[PDB]
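J.: experimental coordinates follow, after the sequence.
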Amino acid sequence: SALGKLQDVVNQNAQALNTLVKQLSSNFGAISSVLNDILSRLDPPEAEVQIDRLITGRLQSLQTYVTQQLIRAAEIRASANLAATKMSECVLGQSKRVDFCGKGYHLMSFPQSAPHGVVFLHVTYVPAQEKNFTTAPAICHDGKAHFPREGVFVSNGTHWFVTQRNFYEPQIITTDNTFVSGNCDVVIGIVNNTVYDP
Amino acid sequence: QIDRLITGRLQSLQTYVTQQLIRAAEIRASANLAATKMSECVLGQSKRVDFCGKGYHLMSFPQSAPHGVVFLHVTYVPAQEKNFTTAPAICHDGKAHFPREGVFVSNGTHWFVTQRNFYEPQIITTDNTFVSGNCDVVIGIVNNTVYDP
Amino acid sequence: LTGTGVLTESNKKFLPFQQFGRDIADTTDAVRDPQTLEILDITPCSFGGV
Amino acid sequence: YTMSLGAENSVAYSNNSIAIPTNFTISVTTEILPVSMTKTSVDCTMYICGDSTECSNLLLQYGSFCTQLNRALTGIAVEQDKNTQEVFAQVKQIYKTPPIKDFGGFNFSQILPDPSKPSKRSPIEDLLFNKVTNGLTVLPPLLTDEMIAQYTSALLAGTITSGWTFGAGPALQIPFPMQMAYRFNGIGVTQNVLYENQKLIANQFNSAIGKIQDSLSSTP
Amino acid sequence: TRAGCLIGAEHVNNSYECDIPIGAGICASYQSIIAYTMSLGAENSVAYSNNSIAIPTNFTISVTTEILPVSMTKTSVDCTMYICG
Ligand SMILES: *[C@@H]1O[C@H](CO)[C@@H](O[C@@H]2O[C@H](CO)[C@@H](O)[C@H](O)[C@H]2NC(C)=O)[C@H](O)[C@H]1NC(C)=O
Ligand SMILES: *[C@@H]1O[C@H](CO)[C@@H](O[C@@H]2O[C@H](CO)[C@@H](O)[C@H](O)[C@H]2NC(C)=O)[C@H](O)[C@H]1NC(C)=O
Ligand SMILES: *[C@@H]1O[C@H](CO)[C@@H](O[C@@H]2O[C@H](CO)[C@@H](O)[C@H](O)[C@H]2NC(C)=O)[C@H](O)[C@H]1NC(C)=O
Ligand SMILES: *[C@@H]1O[C@H](CO)[C@@H](O[C@@H]2O[C@H](CO)[C@@H](O)[C@H](O)[C@H]2NC(C)=O)[C@H](O)[C@H]1NC(C)=O
Ligand SMILES: *[C@@H]1O[C@H](CO)[C@@H](O[C@@H]2O[C@H](CO)[C@@H](O)[C@H](O)[C@H]2NC(C)=O)[C@H](O)[C@H]1NC(C)=O
Ligand SMILES: *[C@@H]1O[C@H](CO)[C@@H](O[C@@H]2O[C@H](CO)[C@@H](O)[C@H](O)[C@H]2NC(C)=O)[C@H](O)[C@H]1NC(C)=O
Ligand SMILES: *[C@@H]1O[C@H](CO)[C@@H](O[C@@H]2O[C@H](CO)[C@@H](O)[C@H](O)[C@H]2NC(C)=O)[C@H](O)[C@H]1NC(C)=O
Ligand SMILES: *[C@@H]1O[C@H](CO)[C@@H](O[C@@H]2O[C@H](CO)[C@@H](O)[C@H](O)[C@H]2NC(C)=O)[C@H](O)[C@H]1NC(C)=O
Ligand SMILES: *[C@@H]1O[C@H](CO)[C@@H](O[C@@H]2O[C@H](CO)[C@@H](O)[C@H](O)[C@H]2NC(C)=O)[C@H](O)[C@H]1NC(C)=O
Ligand SMILES: *[C@@H]1O[C@H](CO)[C@@H](O)[C@H](O)[C@H]1NC(C)=O
Ligand SMILES: *[C@@H]1O[C@H](CO)[C@@H](O)[C@H](O)[C@H]1NC(C)=O
Ligand SMILES: *[C@@H]1O[C@H](CO)[C@@H](O)[C@H](O)[C@H]1NC(C)=O
């Protein structure tokens, strides 16, 4: 049942064709569903009435078939516009949109042809093996508040480091990866730690 | 007589099913939009303008509603703007200096560099500027000192 | 007035000149018995998908 | 009258002047989106004919029209449940908020579920549910309103306690001011601005959430 | 049930994932056929506190499939031949 979305469309179209062909077997209130039987059994004054009943029944069936065919065409056009958007944004580029190109942080994508369809292989990055750390918004040093340029302050219990947010890579808190704004009196939860200077 | 009643009621039922399918397509499009907003505004922060509310989108909250969803979009709106005199680059020691992330502003006598969406003036240093070329090329470059820590 | 239904007791108090009752969709859901002047609700007989 | 598009606002453009914001407003706005309809099914034979056998015998001359209409209505009915699954069931973990609501001044009581209500809805969701008022059958939805509210509560707990991390993998806990600072950096404003003005931002957020509840309670 | 009367399924007090949807929160599964109120997911209480963070130390490169229909079979019907031959 992996390919059920394409098979659903194929089954709906084949079932609509089978129903439209099957509707010719109905007489729609006439004496027979066969036109040759009516034309060989009856005079044209009453065969005109019987053929008229068959014509209005078959025309109603054909208009119904065209109506759901247009509705399914609108649905397939919307799905194809979505597929073209996914081809433009997931295959031809890297997308920041969450869950547009798979579950997780999207890295890249591969297109594959399918019968009346497309299959996107979304290669994504999933974080794993997370670990607790004690964190602080800022570091107080020399009466100044230090904030990370791109990372986050973490502590393993005794020592303070700065790391990138999506992967644990501890580094020494220096002036090169922090920036100074204001004193320590304003930021709630600021902690005392040294800031190394190269 | 029953045939006339049957064809009238069948025409009515086919009409009802036709607008029900059209409204189902419209509701499906709205629900696909709602799922996109749930994925991109609630489960993440969206850079798309006006997709998750008016202003710079911060975050969003989903709320259930009868046959629907209500998104509370929390956004950041700039306010209390102030005029400043600006320049594309700073000319110092025959070199052109450009901001790494901010913008050069002047309150009338002194030049600073600030972030673009909030006024926070800082001293123009070598740590928040980068050097590219001389002062002869950039149109509108002004003369100001660049501090070195 | 003919039909098929379950006839239960009704809390709708008719005015004395009124005999039948209709909802918004013009279906007879309340009626007065002519023998004893009491009001009966006409629930439709149960139908459902299997 | 001939209408007016808006007030004219002449932007004071010049080649060396810029306008820089010195303050901000935390603005909360509502967006209402329909998800599903009422699942209606119509017995075609009972609608056209009722209990008349002669009517159904004449109706069989027209073929499989009734099968087509019942199949279309069944497709609509399952499409509504598919829509509700696609909108609300995007998480397989039911996250819960901690019992202590210490989020650094941020108040979420108007959007978190109320324990005193038996429906386990938020006050905003309770107000939203209060403000919405012959062969035909109405199929009940697969997800009831309390389970949809449970899904929204799980999404709220995930986005409060973990930020956007639960939407991309395992839920990684993070303090809410730090998460807000990350969101501030996403829109290009430095973390220091958030930390220095955190009480003001929390007060503006609480005031905007209260104005949302008042505006929903005061607009028909 | 609120969907209707269910005959042949043993109602249980346990909650599982939905296998066969019945409606109004009721689902059916085979284990005999049982019917139950379904469960959205496992509860995952996030260990929130105001000064603790969780940082990933590893990653998984995950490839997922997404199937999207593009076109249908192009069908044309001769209306005169279909109605009349
Ligand atoms: C936190 O991390 C630091 C740095 O990795 C650890 O400090 C080192 O610990 C090892 C093991 O005892 C010593 O050999 C090193 O000399 C330490 N380095 C310094 C600079 O002191 C620290 O032990 C870790 N703390 C915990 C609780 O895991
Ligand atoms: C972090 O460092 C600051 C400054 O060194 C400490 O603030 C001092 O605290 C003592 C006693 O609490 C006072 O007598 C001083 O007047 C304070 N100085 C200043 C400049 O505020 C602060 O207590 C330290 N915090 C921790 C947790 O160690
Ligand atoms: C532009 O900003 C600078 C920096 O804030 C101002 O310079 C300071 O002005 C105050 C007020 O007179 C003095 O007390 C300081 O000593 C000045 N600092 C320096 C380094 O000179 C400057 O006045 C502002 N200009 C205008 C027109 O507002
Ligand atoms: C900015 O500084 C440059 C260099 O100090 C100035 O350029 C000099 O201008 C004078 C008179 O206009 C000339 O005699 C020099 O030969 C120029 N030197 C160079 C290296 O170009 C420039 O005029 C200054 N601009 C302003 C507005 O003060
Ligand atoms: C920045 O300066 C410009 C021009 O000095 C200001 O624009 C004027 O604003 C006044 C007050 O509304 C109007 O009467 C003028 O017609 C405006 N002039 C032009 C050319 O638009 C502008 O208001 C200033 N910005 C701020 C934030 O003070
Ligand atoms: C930025 O705007 C906020 C309001 O959005 C200002 O906060 C108000 O300040 C006045 C006067 O200080 C108080 O009476 C109000 O009670 C404050 N409102 C809130 C919600 O706290 C703030 O002062 C502004 N800051 C600047 C620098 O202009
Ligand atoms: C968070 O917001 C709620 C609602 O605004 C606050 O609850 C109010 O508390 C005051 C004083 O205790 C009462 O007079 C109100 O009736 C309460 N409102 C409601 C709707 O119950 C609550 O105090 C705020 N703070 C916290 C920490 O929850
Ligand atoms: C981070 O620490 C918290 C609390 O110290 C851990 O949460 C506990 O995990 C155990 C094991 O699953 C549960 O039995 C407790 O109920 C949890 N407590 C709370 C308050 O949720 C958490 O597992 C730690 N994270 C990591 C990655 O080790
Ligand atoms: C990160 O996860 C990978 C697996 O995704 C780990 O790689 C496995 O390591 C074990 C023991 O070292 C081996 O037996 C497996 O064969 C490895 N698998 C693969 C696919 O190489 C890796 O060790 C983990 N790293 C850390 C630091 O936890
Ligand atoms: C965090 O909570 C503890 C109490 O659990 C409190 O002592 C501390 O001041 C809080 N820190 C911040 C930054 O809110
Ligand atoms: C800006 O315009 C003024 C005239 O209004 C002109 O003197 C100046 O050179 C211009 N600067 C730039 C950078 O175009
Ligand atoms: C019919 O008779 C019964 C008792 O025989 C009486 O209670 C009832 O009121 C009568 N109907 C009318 C319309 O008077």
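T.: Okay, I see it. Numbering: from 1, shown residues only, chains lettered A, B, ... in the order given. Ligands and ions are numbered 1, 2, ... in the order given.
J.: which stretches of the chain form helices?
T.: Just so you know, I chose chain A. With DSSP state H, the ranges of helices along chain A come out as A:4-22, A:35-41, A:44-86.
J.: my bad, the chain I had in mind was chain E
T.: E:79-84.
J.: quick one, which of the helices of chain A is nearest to residue D:70?
T.: Closest to residue D:70 of the helices of chain A is helix A:4-22 (C-beta to C-beta; 12.5 Å). No exception for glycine: its C-beta is placed from N, CA and C like everyone else's.
J.: okay, the angle between the closest one and helix A:44-86?
T.: Counting by axes from the mean of the first three to the mean of the last three C-alpha atoms, to 10 degrees, helix A:4-22 points 170 degrees away from the direction of helix A:44-86.
J.: helix A:4-22 and chain B, are they touching?
T.: No. Judged by C-beta under 8 Å from any C-beta of the partner chain, helix A:4-22 makes no contact with chain B; its nearest approach is 12.7 Å.
J.: any idea how many residues pack against residue D:34?
T.: The local packing of residue D:34 (other C-beta atoms under 10 Å in any protein chain shown) involves 17 other residues.
J.: out of the helices of chain A, which is closest to residue C:27?
T.: Closest among these, using C-beta to C-beta: helix A:44-86, at 28.6 Å.
J.: what is the closest one packed up against?
T.: Under the contact criterion of 3 or more C-beta pairs under 8 Å, 6 or more residues apart in numbering or on different chains; DSSP states H and E, helix A:44-86 touches helix A:4-22, helix A:35-41, strand A:117-136, helix B:2-37, helix D:65-88, strand E:52-69, helix E:79-84.
J.: list the contacts of the shortest one.
T.: Where contact means C-beta atoms under 8 Å, 6 or more residues apart in numbering or on different chains, the residues beyond helix E:79-84 that reach it are A:20, A:24, A:35, A:54, A:55, A:58, A:59, A:62.
J.: want to throw the helices of chain A into JSON lines with mean neighbour count and distance to residue D:115?
T.: Below are the helices of chain A laid out as JSON lines (neighbours: other C-beta atoms under 10 Å in any protein chain shown; distance: least, C-beta to C-beta, whole Å):
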{"stretch": "helix A:4-22", "mean neighbour count": "15", "distance to residue D:115": "42"}
{"stretch": "helix A:35-41", "mean neighbour count": "14", "distance to residue D:115": "73"}
{"stretch": "helix A:44-86", "mean neighbour count": "16", "distance to residue D:115": "41"}
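J.: can you put those helices in TSV and add distance to ligand 9?
T.: Below are the helices of chain A laid out as TSV (distance: least, C-beta to the nearest ligand atom, whole Å):
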stretch	distance to ligand 9
helix A:4-22	31
helix A:35-41	70
helix A:44-86	27
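J.: got the residues of chain D near ligand 7?
T.: D:101, D:107, D:109 (C-beta under 6 Å from any ligand atom).
J.: of those residues, closest to residue A:157?
T.: Relative to residue A:157, and with distances defined as C-beta to C-beta, the nearest of the residues of chain D next to ligand 7 is residue D:101, at 27.2 Å.
J.: do you know how far that closest one is from residue D:157?
T.: 12 Å (C-beta to C-beta, to the nearest Å).
J.: with residue C:9 instead?
T.: 50 Å.
J.: out of the two, which sits in the more crowded spot?
T.: Using other C-beta under 10 Å, the more surrounded residue of residue C:9 and residue D:157 is residue D:157, with 26 against 8.
J.: phi and psi next, for the more buried one.
T.: Residue D:157 adopts backbone torsions of phi -70, psi -40, taken as degrees, to the nearest 10.
J.: how about residue A:151, what does it touch?
T.: Neighbours of residue A:151 in contact, by C-beta under 8 Å, 6+ apart: A:162, A:163, A:164, A:165, A:171, A:177.
J.: looking at these, which one is closest to residue D:28?
T.: Among the contacts of residue A:151, and counting by C-beta to C-beta, the member closest to residue D:28 is residue A:165, at 26.0 Å.
J.: might one say that that closest one is in contact with residue D:181?
T.: No. Applying C-beta atoms under 8 Å, one finds residue A:165 not in contact with residue D:181, separated by 11.1 Å.
J.: now do the nearest residue to residue E:10 once chain neighbours are set aside: how many residues are near it, please.
T.: Nearest non-adjacent residue to residue E:10, counting by C-beta to C-beta, 6 or more residues apart in numbering or on different chains: residue E:34, 5.2 Å away. If you count neighbours by other C-beta under 10 Å, residue E:34 ends up with 16.
J.: settle it for me: which of residue A:165 and residue D:181 has more neighbours?
T.: The residue with more neighbours, out of residue A:165 and residue D:181 and counting by other C-beta under 10 Å, is residue D:181; that gives 24 against 19.
J.: what about stretch D:43-57, how long is it end to end?
T.: 16 Å (C-alpha to C-alpha, to the nearest Å).
J.: that one close to chain E?
T.: No. Using C-beta under 8 Å from any C-beta, stretch D:43-57 stays clear of chain E, with a minimum separation of 14.6 Å.
J.: what are the phi and psi values at the nearest residue in space to residue A:96 that is not next to it in sequence?
T.: Counting by C-beta to C-beta, 6+ apart, residue B:47 is the residue found nearest to residue A:96 once chain neighbours are left out, at 6.2 Å. Torsion angles at residue B:47 (phi, psi; degrees, to the nearest 10) stand at phi -80, psi -10.
J.: residue A:73 contacts residue E:74, correct?
T.: No. With contact defined as C-beta under 8 Å, residue A:73 does not reach residue E:74; the gap is 10.5 Å.
J.: hang on, the earlier thing: who wins for neighbours among the residues of chain D next to ligand 7?
T.: Going by other C-beta under 10 Å, residue D:107 tops those with 16 neighbours.
J.: which residues touch that residue?
T.: D:101, D:202, D:205, D:206, D:209.
J.: which helix or strand contains residue D:46?
T.: helix D:44-49 (DSSP states H and E).
J.: does that helix reach chain A?
T.: No. Using C-beta under 8 Å from any C-beta, helix D:44-49 stays clear of chain A, with a minimum separation of 13.1 Å.
J.: list of residues touching that helix?
T.: Outside helix D:44-49, the residues touching it (C-beta under 8 Å, 6+ apart) are B:5-6, B:9-10, B:13, C:47, D:55-56, D:59, D:65-66, D:69-70, D:134-136.
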